[PDB]
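Here's the structure we're looking at; comments come further down.
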Amino acid sequence: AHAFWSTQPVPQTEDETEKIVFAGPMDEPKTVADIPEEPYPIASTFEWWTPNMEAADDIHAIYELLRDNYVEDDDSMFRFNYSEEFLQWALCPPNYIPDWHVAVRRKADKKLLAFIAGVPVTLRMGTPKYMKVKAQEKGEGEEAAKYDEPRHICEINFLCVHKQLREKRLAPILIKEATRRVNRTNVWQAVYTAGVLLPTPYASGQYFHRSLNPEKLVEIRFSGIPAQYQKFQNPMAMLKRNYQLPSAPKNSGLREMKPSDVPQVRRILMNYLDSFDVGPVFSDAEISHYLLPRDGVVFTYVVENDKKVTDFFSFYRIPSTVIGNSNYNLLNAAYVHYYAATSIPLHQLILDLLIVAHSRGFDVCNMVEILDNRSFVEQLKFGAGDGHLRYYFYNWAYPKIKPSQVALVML
Ligand SMILES: CCCCCCCCCCCCCC(=O)SCCNC(=O)CCNC(=O)[C@H](O)C(C)(C)COP(=O)(O)OP(=O)(O)OC[C@H]1O[C@@H](n2cnc3c(N)ncnc32)[C@H](O)[C@@H]1OP(=O)(O)O
Ligand SMILES: c1cncc(CCNCc2cccc(-c3cccc(CN4CCc5ncsc5C4)c3)c2)c1
Ligand SMILES: [Mg+2]
């Protein structure tokens with residue numbers, strides 16, 4: 001049923017998954033020197049391309065390919081519209097490897113036809129807590145703890161084949177070539193997410209959304225006026241009253257994050273992310289890059305009291321194209337990013353997130369039920385959305401875990 005994924009070092013079924021007890025590689029250990037020097041063979045009308053992410057035109061080419069051809073909802077009503085500034089941020093973290101951004105162009109005119117991006121991530125991905133308990137009970141502790149150390153691996157995102165080239169098996173060829181380029185750098189594992197079901201996820205979570213401007217959301221058919229609001233004399237006034245928020249944060253102490261905060265935010269974030277089975281480890285440079293405010297892209301606020309940062313939250317912006325509405329061109333969405341709470345209940349900290357997002361003109365706040373995102377869904381009036389985000393590894397056996405044991409946010 002999978003002419004491509006059946007050939008790859010991933011668990012092939014849920015049964016295989018269910019019998020995985022330790023973290024570790026799937027494949028033959030291999031070396032750099034084993035790997036073909038030369039790009040994978042490709043049709044004489046296409047050519048491989050490595051975009052220069054410090055070239056504005058290169059970024060623009062990737063931007064237009066994703067604007068017109070990237071992920072849509074199931075009813076083709078919305079399509080993500082990652083900005084150019086966002087793409088430069090996401091694609092170029094500290095020590096990114098340029099060669100890991102892989103494109104296919106049509107030779108004759110250098111039209112970008114497909115793209116995939118890899119970036120470095122340092123990931124904790126050793127045997128999960130519940131399986132370590134089972135390993136104690138079997139006398140198998142050392143084997144379970146073998147791959148406990150964070151690993152420098154590849155995080156894959158932005159896979160996209162132009163709509164005119166769909167279903168010609170181009171995606172596999174892009175994935176093989178990305179894989180070659182990563183392996184040539186002595187990296188052998190990757191982490192990626194998808195909303196489609198592939199062999200075989202290690203975790204799956206629902207999406208959630210929190211309405212900020214319900215009048216717009218209804219107008220674009222992101223949201224409906226729900227049936228129960230009809231027994232009401234006036235639906236929309238009631239919907240707006242339901243989702244109203246204060247004008248200003250409620251936490252005294254809350255301000256935008258500045259560069260001097262990097263050390264304290266690193267410390268509180270890393271302490272927090274330890275409570276999860278799979279999670280990123282960030283250097284001060286990585287914290288600076290991913291969390292310092294960037295206009296239009298990422299927004300981060302800390303709670304500081306008595307000159308100490310105690311809590312913080314972050315969200316990033318991705319607008320979506322609204323396919324064919326005469327009043328609105330764009331859905332202006334905020335996505336919950338990393339956070340850490342030490343002084344206040346997480347629901348009180350995230351409420352300030354919603355208040356800030358709302359004041360700054362966002363229409364909705366979205367998220368996946370990773371991290372402790374469930375502890376605030378009901379109080380903060382998040383609703384479950386359609387479908388699920390699945391998490392996967394390339395070349396890594398991993399027991400199934402709950403998405404509340406997953407601490408990697410994927411942009
Ligand atoms: C160590 C380093 C390793 C690094 C690499 C690690 C692996 C990274 C893997 C990528 C992680 C991506 C993470 C994200 O970015 S998820 C976002 C994916 N992007 C979109 O959904 C944007 C809109 N759609 C498209 O652009 C195209 O439909 C894509 C490009 C998705 C497929 O193109 P097309 O529709 O024209 O199909 P094909 O004929 O060329 O290819 C058919 C094969 O492709 C398999 N397929 C379909 N969708 C996905 C998918 N999302 N992940 C992996 N595989 C996928 C499919 O099961 C089939 O193989 P098999 O079932 O026959 O076996
Ligand atoms: C699927 C696979 N890989 C990447 C993506 C694109 C980025 N989506 C990641 C993401 C992270 C966290 C939450 C959500 C999310 C939450 C609630 C509802 C939704 C649903 N979407 C809303 C807007 C939109 N624009 C184009 S399709 C679409 C539908 C997403 C979405 C999606
Ligand atoms: Mg194709």
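Throughout, numbering of the chain's residues begins at 1 and tracks the sequence. The figures that follow rest on heavy atoms only: side chains count, while hydrogens, waters and symmetry mates do not. Whatever order the structure lists ligands and atoms in, that order sets their numbers, starting from 1.
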Atom CD of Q228: over 12 foreign heavy atoms under 6.0 Å: no
Backbone, side chain, both or neither: what part of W5 comes under 4.0 angstrom of ligand 1, heavy atoms only? both
At under 4.0 Å between heavy atoms, which part of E72 makes contact with ligand 1: side chain, backbone, both or neither? neither
Among non-hydrogen protein atoms, atom 11 (C) of ligand 2 lies closest to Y335 CD2, 3.9 Å
Going by the closest heavy atom to atom 33 (O) of ligand 1, which one wins out of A117, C154, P172, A171? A171
As an exercise, identify every atom of ligand 1 less than 4.0 angstrom from a heavy atom of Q189. 1 (C)
How long is the straight-line distance from CD of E219 back to CG of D363, given to the nearest 0.5 Å? 12.0 Å
If you count the non-hydrogen atoms of other residues, nucleotides and ligands that lie under 6.0 Å from CG in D68, is the total more than 12? yes
Please tell me if atom 20 (C) of ligand 2 is touched by the protein, where touching means a protein heavy-atom distance below 4.0 Å. no
Counting from 1, what ligand 2 atoms have a heavy atom of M367 closer than 4.0 Å? 12 (C), 13 (C), 16 (C)
So, applying salt bridge (charged side-chain N to carboxylate O under 4.0 Å, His left out) with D99, which one of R184, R180, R181 is it? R181
Please state which option from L411, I370, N366 has its nearest heavy atom closest to atom 16 (C) of ligand 2. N366
Show which atoms of ligand 1 fall inside a sub-4.0 Å distance from at least one heavy-atom site of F4. 59 (O), 60 (P), 62 (O), 63 (O)
Is a salt bridge present between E304 and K258, judged by a nitrogen-to-oxygen distance below 4.0 Å? no
Could you please spell out the steps behind the side chain to side chain contact (heavy atoms under 4.5 Å, CB included) verdict for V265 and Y338? CA-CA 10 Å; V265 167; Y338 296 102; over 6 Å; no
The protein heavy atom nearest to atom 17 (C) of ligand 2 is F208 O, 3.4 Å
Note: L198, heavy atoms under 4.0 Å from ligand 1, region reported as side chain
Can you report which non-hydrogen protein atom sits closest to atom 35 (O) of ligand 1, along with the distance? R166 CD, 3.9 Å
Decide whether an N or O pair under 3.5 Å exists between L159 and ligand 1. yes
Do we see a donor-acceptor contact under 3.5 Å between the side chains of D311 and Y339? no
Partner of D261 by salt bridge (charged side-chain N to carboxylate O under 4.0 Å, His left out), out of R267, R255, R266: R255
Taking 4.0 angstrom as the limit and counting only heavy atoms of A190, give me the atoms of ligand 1 inside it, by number and element. 2 (C), 3 (C), 4 (C), 6 (C)
Side chain, backbone, both or neither: which applies to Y82 and ligand 2 if a contact is any heavy-atom pair less than 4.0 Å apart? side chain
Quick one: CZ on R210 to CD1 on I350, what's the gap to the nearest 0.5 Å? 12.5 Å
If you scan protein heavy atoms around atom 37 (O) of ligand 1, the nearest is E167 N, 4.0 Å
Measure from atom 7 (C) of ligand 1 to every heavy atom in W100, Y392, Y192 and give the option owning the shortest one. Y192
Note: ligand 1 atoms sitting under 4.0 Å from heavy atoms of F158 are 15 (O)
Do protein heavy atoms approach atom 2 (C) of ligand 1 to less than 4.0 Å? yes
For atom 2 (C) of ligand 2, what's the nearest protein heavy atom and its distance? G195 N, 3.6 Å
So, are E47 and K107 salt-bridged, with charged N and O less than 4.0 Å apart? no
Please write down residue, atom name and distance for the protein heavy atom closest to atom 51 (N) of ligand 1. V196 CG2, 3.9 Å
Nearest 0.5 Å please: distance from the CG atom of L212 over to the NZ atom of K381. 12.5 Å
Numbered atoms and elements of ligand 2 in range of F222, under 4.0 angstrom, heavy atoms: 22 (C)
Going by the atom numbers of ligand 1, which of them fall below 4.0 Å from some non-hydrogen atom of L170? 40 (O)
Before signing off on this row, confirm whether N183 and ligand 1 have an N or O atom pair separated by under 3.5 Å. no
Could you give the distance from CG (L239) to CD1 (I225), rounded to the nearest 0.5 Å? 6.5 Å
Is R221 atom CZ crowded by more than 12 heavy atoms from other residues, nucleotides or ligands, each under 6.0 Å away? no
SG of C154 to CH2 of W188: how many Å apart, nearest 0.5 Å? 13.0 Å
Would you kindly say whether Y130 and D277 are connected by a side-chain donor-acceptor distance under 3.5 Å? no
Heavy-atom nearest option to atom 1 (C) of ligand 2, drawn from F80, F78, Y207: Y207
A student comparing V71, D74, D73, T321 should find that the heavy atom closest to atom 29 (C) of ligand 2 comes from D73
Are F313 and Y301 close enough that their ring centres sit under 6.0 Å apart? yes
What is the nearest protein non-hydrogen atom to atom 5 (C) of ligand 1, stated with its residue, atom name and distance? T179 OG1, 3.6 Å
Any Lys/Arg nitrogen of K146 or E143 sitting under 4.0 Å from an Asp/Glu carboxylate oxygen of the other? no
Which protein heavy atom lies closest to atom 21 (O) of ligand 1, and at what distance to 0.1 Å? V71 CG2, 3.7 Å
Numbering as shown, the atoms of ligand 1 that approach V182 to under 4.0 Å (heavy-atom distance): 1 (C), 2 (C)
Can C160 be said to touch ligand 1, with heavy atoms closer than 4.0 Å? yes
For ligand 2, indicate whether the residue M410 contacts it via side chain, backbone, both or neither (heavy-atom separation under 4.0 Å). neither
Can we say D57 and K110 salt-bridge, meaning some charged N sits less than 4.0 Å from an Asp/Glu carboxylate O? no
In the protein, what heavy atom is nearest to atom 23 (C) of ligand 2, and what distance, to one decimal place, separates them? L331 CD2, 3.7 Å
Are any of the N/O atoms in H2 less than 3.5 Å from those in ligand 1? yes
Parallel, tilted or perpendicular: ring planes of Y316 versus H337, cut at 30 and 60 degrees: perpendicular
Closer than 2.8 Å to the Mg ion (ligand 3), do we get an N, O or S atom from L165, backbone or side chain? yes
Take the angle between the ring planes of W396 and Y147 and call it parallel below 30°, perpendicular above 60°, tilted in between. perpendicular
Could you find the nearest protein heavy atom to atom 25 (N) of ligand 2 and give me its residue, atom name and distance? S320 OG, 2.7 Å
Which of these passes ring-ring contact (aromatic ring centres under 6.0 Å, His included) with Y202: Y394, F393, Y192? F393
As a check for students: among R181, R169, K176, identify the option with a heavy atom nearest to atom 59 (O) of ligand 1. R169
Closest to atom 14 (C) of ligand 1 among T193, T185, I156 (heavy-atom distance): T193
